[PDB]
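Contents: one structure, followed by commentary.
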Amino acid sequence: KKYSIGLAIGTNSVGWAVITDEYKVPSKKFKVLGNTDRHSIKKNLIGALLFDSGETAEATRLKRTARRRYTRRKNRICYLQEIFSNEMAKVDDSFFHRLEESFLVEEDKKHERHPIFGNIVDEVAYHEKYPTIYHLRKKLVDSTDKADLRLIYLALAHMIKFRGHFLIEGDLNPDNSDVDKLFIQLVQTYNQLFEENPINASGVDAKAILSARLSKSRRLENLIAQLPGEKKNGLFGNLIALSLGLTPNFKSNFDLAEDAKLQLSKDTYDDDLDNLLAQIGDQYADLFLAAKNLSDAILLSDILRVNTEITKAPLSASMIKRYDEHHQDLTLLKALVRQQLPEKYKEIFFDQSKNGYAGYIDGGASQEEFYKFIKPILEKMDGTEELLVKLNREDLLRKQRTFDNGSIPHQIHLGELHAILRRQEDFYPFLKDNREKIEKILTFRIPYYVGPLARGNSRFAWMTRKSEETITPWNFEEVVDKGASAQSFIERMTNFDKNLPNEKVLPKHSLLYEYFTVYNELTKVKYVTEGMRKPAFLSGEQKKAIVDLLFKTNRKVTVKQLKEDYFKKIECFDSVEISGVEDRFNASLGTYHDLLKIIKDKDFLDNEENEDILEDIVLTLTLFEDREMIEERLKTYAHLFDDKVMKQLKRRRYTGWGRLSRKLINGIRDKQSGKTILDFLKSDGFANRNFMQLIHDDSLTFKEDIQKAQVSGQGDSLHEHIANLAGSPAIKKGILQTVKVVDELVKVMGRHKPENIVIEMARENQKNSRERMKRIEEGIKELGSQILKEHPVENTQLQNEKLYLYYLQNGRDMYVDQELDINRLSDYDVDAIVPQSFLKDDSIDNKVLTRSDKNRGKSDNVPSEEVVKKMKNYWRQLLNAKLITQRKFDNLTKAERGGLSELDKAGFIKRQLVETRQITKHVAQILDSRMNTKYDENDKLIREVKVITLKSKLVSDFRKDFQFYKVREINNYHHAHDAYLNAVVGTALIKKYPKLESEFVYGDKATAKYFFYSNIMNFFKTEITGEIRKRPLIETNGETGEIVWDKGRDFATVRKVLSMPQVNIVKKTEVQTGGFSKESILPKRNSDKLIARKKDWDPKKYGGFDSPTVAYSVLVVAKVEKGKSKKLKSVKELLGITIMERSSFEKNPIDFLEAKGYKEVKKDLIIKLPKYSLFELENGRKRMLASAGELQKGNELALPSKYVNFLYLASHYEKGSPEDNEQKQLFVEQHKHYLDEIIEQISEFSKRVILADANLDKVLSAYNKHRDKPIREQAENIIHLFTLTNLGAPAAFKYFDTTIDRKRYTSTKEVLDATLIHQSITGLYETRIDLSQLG
RNA sequence: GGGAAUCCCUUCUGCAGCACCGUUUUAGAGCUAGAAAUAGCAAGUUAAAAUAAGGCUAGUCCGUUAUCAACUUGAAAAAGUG
DNA sequence: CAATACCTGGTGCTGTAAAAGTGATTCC
DNA sequence: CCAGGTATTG
Ligand SMILES: [K+]
Ligand SMILES: [K+]
Ligand SMILES: [K+]
Ligand SMILES: [K+]
Ligand SMILES: [K+]
Ligand SMILES: [K+]
Ligand SMILES: [K+]
Ligand SMILES: [K+]
Ligand SMILES: [K+]
Ligand SMILES: [K+]
Ligand SMILES: [K+]
Ligand SMILES: [Mg+2]
Ligand SMILES: [Mg+2]
């Protein structure tokens, strides 16, 4: 008995099928367990497992980190209250107690209900004097009087609890506050560098212009307009643009060779400026640094909108300015509405349901919704011009706690906190003693490289302590080992050397590593001249001279420099042919030039005695990112460099690690030669062996020592191994389910292993609109275009492909240097850069928007050479703006290098057929290592089971060429059918061409391969089309003579298999996990559905949650008290155990159920019912458990194959010859009556199992309404109709314009007397429990 | 076919640190005419506390990912059953 | 108890290594 | 999104 298995691995399904020698699917009698009449059942060995998507860890992590931040914020407040404890007890022994219970109702409060002062007169007086906390904050900063300790605490606590971001290092307001003074100093520096061309900045109000609430470009234009004879693209204009945050290009300003775009926000600016300063001189550095200072001032003026010389609390002053203008404008608006529109006053100022001022303050209306609601009202009335200006500036009737307050740095809150402490420490000695303590409470951050401050009970922590004691913000440096913690943070993420698994890899920017990379590449360079007989390698002396003369003097070494600066200058060659490198060398000594600029001692870098020191420096600059820790580690070399050099070394940092260790590169030595790997790379006679040759040479000891160095740790389990793979967790869930399906199928076949296992993995193509808008915004900003000014776009609109391409191309044609019209996109074309006939790629990375695809050139290749000559520079602009990627740019410019060759097209077709994805190889490896476990006489693996991997295109083309069409919406059988067709096609393919095993089975001329792989699947066809020819009906193997395909009997077999109505569709039952309930904190309500947010917070007084998630239902057979007499009555019902209740219920099910009300619980009759638990009722009607009180549809509609194929062809689902198109069209019109037959089949099914009378009546009326509609559109909407009958949760669907709402099964009473069905993973093994025999 | 280093890119995964809102109950004395529903007006911007119930291991830690038919034997781990 | 219509926490930033999709140089 | 919970109206 021989058989094969076909598998279709998906993100929500695993289709499976068993086939025999004749491509038939067996059928078996399987035993049925339980308490029903049926002892066994007939099963076809084909089916599909269904399961909810496996989720990533991201949402769990985000909630975990947020939980920590809430705990630590509370701890900050606890620290501050602990500092205030004694003196506050002297002042008010219950102040902190009243704060703690502020949330409680007056009934539940143990102290007076007014928090601050404990009586109503003082509380009202306080609010009258300080209507916002910012009034109190500014008063405490400015005043010299002794203040109430409670108000001091409230100000300090408010600053500490909401302390602001930490994006800026160091201290703030260092005379970089004034915009006028820094603009004047920028003019001073510019006029100093350009005496002949000075700027008259007199009368220019730099403060109001630059700090205006306007866009960056508008303010740039406004300032430049105040400077006659200066243009915005000039040098001073570009400096102002850099200060405003734009991306100016200083290339044209200095007649520079290539671009020097500068952005003060980019990570590369520190280098991007120095690089520019290397070309035009270091006397322009003062100018760019003055512009940077101006940028800091403008950023601060965005937040502080008040003069900083009248108060030391400019933030609180700005909030008070918000409050005062809110008050003034509200009084004016009330008066205006009273006078002009008196009927609208109640709706605006009293209706919380409306988005007026009432909904803005009391309702759920946001500032944006309030502005949208009141803008037409202000436009309708008179005297609203200033209010309208404030509205369109987003600065009308503002609150103080708003969404944009994220701009506020923590240094500003710190400045006010420090000022209050300086004020009040003169009266309270404990404030003087604890001033720095409180400041540390606000400023302290747990470093990202330290992680949770755990003590052996967090699987996420890595921190190590210097002493065993509680960590506080004040003892962190003493208790926490920051060096070891940060080193562990990196070393727990980095790989070891795979050749020497106990050795750490080098820093990627290490000098030794870059030497290795350069010599490895350079050792395979060859050159020829005239008198030479053949190309020769470079000798050790030649490579040493090239390194010293070229690589150590240029950051990049081009081939031109190699031919001219070495072969001409040294070897006196006028002509030389180079191989092994193209255009320029890939490897380079970048760190060497970085350190050469920093330390300015070439002899220090070239001295080998300093190698260790330099390696350690680069390690310190790579291993750490905190500048203080870098300085602490570079301390040990302070004697070797000037303090200026030490500071410049501090500022330099690197990221990333190499893939080889120092011991491998320059440590281990060959036994007989005594030379390291790097020694052989520098000089290896005339062989010039590279790294791969060195470690694989049997005449050297490198290979032997690498073999000896290998180890193998603890073997992962199957689940662990699958989890460690690289890929989406969703596909990993399918992979593990696939392995369990294979194990059960093998057990079904009597532990006999299959001949083949054919796997096919679905292409994984699956907020995102936010990423699209971020790309377009940054690309347009880098580009300097005003396309977003002229054409504003909502992020959602970018989901349209043509509009997204339009913005990515800056509103221009990609093939013609013309503007596109945004209202003409329907008339334009989306073109594939490489044609879809070669590369089936429909992503934005292979698509462009053009007026007409004809303008690309010839359709058989890439864009023509003419188009590339026209558009290459515009493409490079788009590439630098990241509006197109590097691969997209290279595919566009491919015509420069010869376009598509015949080898490229052959490779494209091979890629379309042969699967090369790494995750699919890992799945094949897993199955192969589980099936094949024995070795032969030569100690080589015996491959009893061939693991074949196919791409989806093979079976897809097989279905479309032999009319085995699929329609996904009909049912779930197509997953199983795909697995079957995979097994058939895969086995037949390797039977016909056994030499293909290397390509398709796991384990160890261009026109010819193009033709061969284009016609690889022709052996299935009988007639193949000026090349029309026939094939035998019987296809056999050429050498063995074995039959592989009988075109007269095997197609009928495939058709019979797809026609079988019994297919084992199994929905994976799963306990529900995750959030306890909806997160919405609802208002109080007289409902038992509300859930307390805290133990003592009665939701009838405080509100809370509702809508909890049922982890799993439980069948309870017991008795409950009834009536006022509490008489016991027998019941059988479903109790949903929520996620929150699960732990308590499982700890003691009997006591849990008795608490719920049940008495005398039959403990052994408790049935655990997870979601999707399957029940069968009458006439084969099945239901699945959706929760404790709702059901899902549990049946599949096995629509016959003739109707499925008719629906495919009639609906134009997905062509071929026009004669074949005519035959299919004639078939559709000759079988038009299939529409009524399909509707009748849906009706019989629905009346038998769906039981939705109203929806079925609406559907029948809708079908009988649109019978004069075209056949194609009727078929397309019949496709929609199957939502009524689909397995699973009910959903709404549209038939033409008629909308059918979902009929829900809002009761689980009937399943309590039905038959519960427990299914194995394949559904072949069943246990059926008659629940009517319970109770 | 499988694999390695480098160059130019892109994406996915995992982890850590942090900010701004939102919501919720309470506090911010509403007034006048009414015996009452109600009418006329005044007012509104702020704060406290919670932000999974909670847990023991008591840490400035942990609490939403992964994994799960049934039955037999087991505390579980598991294996076994057609 | 059924049927109907509403509801559903969100945004921004910093740091990090790794596999893997794809183009290229050199090799096992 | 999807699809289970909830109150309102029957
Ligand atoms: K889930
Ligand atoms: K009380
Ligand atoms: K001007
Ligand atoms: K609101
Ligand atoms: K190159
Ligand atoms: K670093
Ligand atoms: K020194
Ligand atoms: K789960
Ligand atoms: K109130
Ligand atoms: K199951
Ligand atoms: K990341
Ligand atoms: Mg908590
Ligand atoms: Mg808030």
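Residue numbering restarts at 1 for every chain, and letters A, B, ... go by the order of the sequence lines. Values below: all heavy atoms of this structure, side chains included; hydrogens, waters and symmetry mates excluded.
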Salt bridge present between [X] and [Y] (N-O < 4.0 angstrom):
X	Y	result
A:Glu1079	A:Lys63	yes
A:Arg398	A:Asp404	yes
A:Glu514	A:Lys508	no

Watson-Crick or G-U wobble mate for [N], both contacts under 3.5 Å:
N	result
B:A4	C:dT26
B:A48	B:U25
B:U57	none
B:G74	none
B:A69	none
B:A36	none
B:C41	B:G30
B:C15	C:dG15

What integer distance in Å separates [X]:[atom1] from [N]:[atom2]?
X	N	atom1	atom2	answer
A:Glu101	B:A50	CD	P	13 Å
A:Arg338	B:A42	CZ	P	4 Å
A:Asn75	B:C61	CG	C1'	11 Å
A:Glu1070	B:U64	CD	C1'	15 Å

**OP:** Tell me, yes or no, whether the heavy-atom count around A:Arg584 atom CZ, taken from other residues, nucleotides or ligands under 6.0 Å, exceeds 12.
**Re:** no
Subject >> Flag if over 12 foreign heavy atoms under 6.0 Å of NZ, A:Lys774 >> reply: no
Pair of N/O donor and acceptor under 3.5 Å linking [N] base with [X] side chain:
X	N	answer
A:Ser102	B:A49	no
A:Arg1093	B:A50	yes
A:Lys888	B:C9	no
A:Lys1171	D:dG4	no
A:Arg887	C:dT22	yes
A:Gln400	B:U46	no
A:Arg73	B:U51	yes
A:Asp362	B:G44	yes

N or O in side chain of [X] less than 4.0 angstrom from [N] OP1/OP2:
X	N	value
A:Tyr345	B:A42	yes
A:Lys161	B:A49	yes
A:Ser458	B:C62	yes
A:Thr1073	B:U65	yes
A:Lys508	B:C7	yes

**OP:** Could you tell me which residues satisfy salt bridge (charged side-chain N to carboxylate O under 4.0 Å, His left out) with A:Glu1141, sequence neighbours excluded, listed by chain and number?
**Re:** A:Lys1156
Original post:
Base, sugar-phosphate, or nothing for A:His327, non-hydrogen atoms under 4.0 angstrom?
Top reply: base
Original post:
Which part of the nucleic acid does A:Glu1326 contact within heavy-atom distance under 4.0 Å: base, sugar-phosphate only, or nothing?
Top reply: base
Subject >> Pair listing, salt bridge (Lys or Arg N to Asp or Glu O under 4.0 Å) test, anchored in residues 1090-1110 of chain A, at least two apart >> reply: A:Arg1085-A:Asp1106, A:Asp1098-A:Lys1101
Using the side-chain heavy atoms of [X], tell me which of these nucleotides is nearest: [options].
X	options	result
A:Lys498	C:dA19, B:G63, B:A27	C:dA19
A:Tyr323	B:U26, B:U65, B:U45	B:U45
A:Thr470	D:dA7, B:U60, B:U46	B:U60

**OP:** Note every stem involving DNA chain D: at least three consecutive Watson-Crick or G-U wobble pairs, i with j then i+1 with j-1, with both distances under 3.5 Å.
**Re:** C:1-8 with D:3-10
Original post:
Are the side chain of A:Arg98 and the backbone N or O of A:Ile116 linked by a donor-acceptor pair below 3.5 Å?
Top reply: yes
Original post:
Do A:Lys1084 side-chain atoms and A:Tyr1102 backbone N/O form a donor-acceptor pair below 3.5 Å?
Top reply: no
So, north or south for the sugar of [N], given that a negative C1'-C2'-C3'-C4' angle means south?
N	result
B:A29	south
D:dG4	south
B:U57	south
C:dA18	north
B:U72	north

Original post:
Syn versus anti for B:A52, judged by chi lying within 90° of 0?
Top reply: syn
Answer yes or no for this row: [X] ring on [N] base, centroids under 5.5 Å, planes under 30°.
X	N	value
A:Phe162	B:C20	no
A:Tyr134	B:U46	no
A:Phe403	B:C21	no
A:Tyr448	B:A16	no
A:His696	C:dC28	no

Subject >> Position toward the 5' end of DNA chain C (nearest nucleotide), A:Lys1303 or A:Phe489 >> reply: A:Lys1303
Original post:
Does A:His922 or A:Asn586 map to a spot on DNA chain C nearer the 5' end, using the closest nucleotide for each?
Top reply: A:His922
Original post:
Using 30° and 60° as the class limits, which term best fits the ring planes of A:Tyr153 and A:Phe95: parallel, tilted or perpendicular?
Top reply: perpendicular
Subject >> Closest heavy-atom pair and its distance - A:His326, A:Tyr357 >> reply: NE2-OH, 2.8 Å
Original post:
Where does A:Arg1302 reach the paired bases with its side chain, in the major or the minor groove, using a 5.0 Å cut-off?
Top reply: major
Original post:
With a distance limit of 5.0 angstrom to side-chain heavy atoms, which groove does A:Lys1078 sit in, major or minor?
Top reply: minor
Original post:
Any Watson-Crick or G-U wobble pairing between B:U11 and B:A52, both distances under 3.5 Å?
Top reply: no
**OP:** Establish whether B:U10 and C:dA20 are paired, applying the Watson-Crick or G-U wobble definition with both distances under 3.5 Å.
**Re:** yes
**OP:** Would you mind reporting whether A:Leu104 and A:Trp1097 have side-chain heavy atoms less than 4.5 Å apart?
**Re:** yes
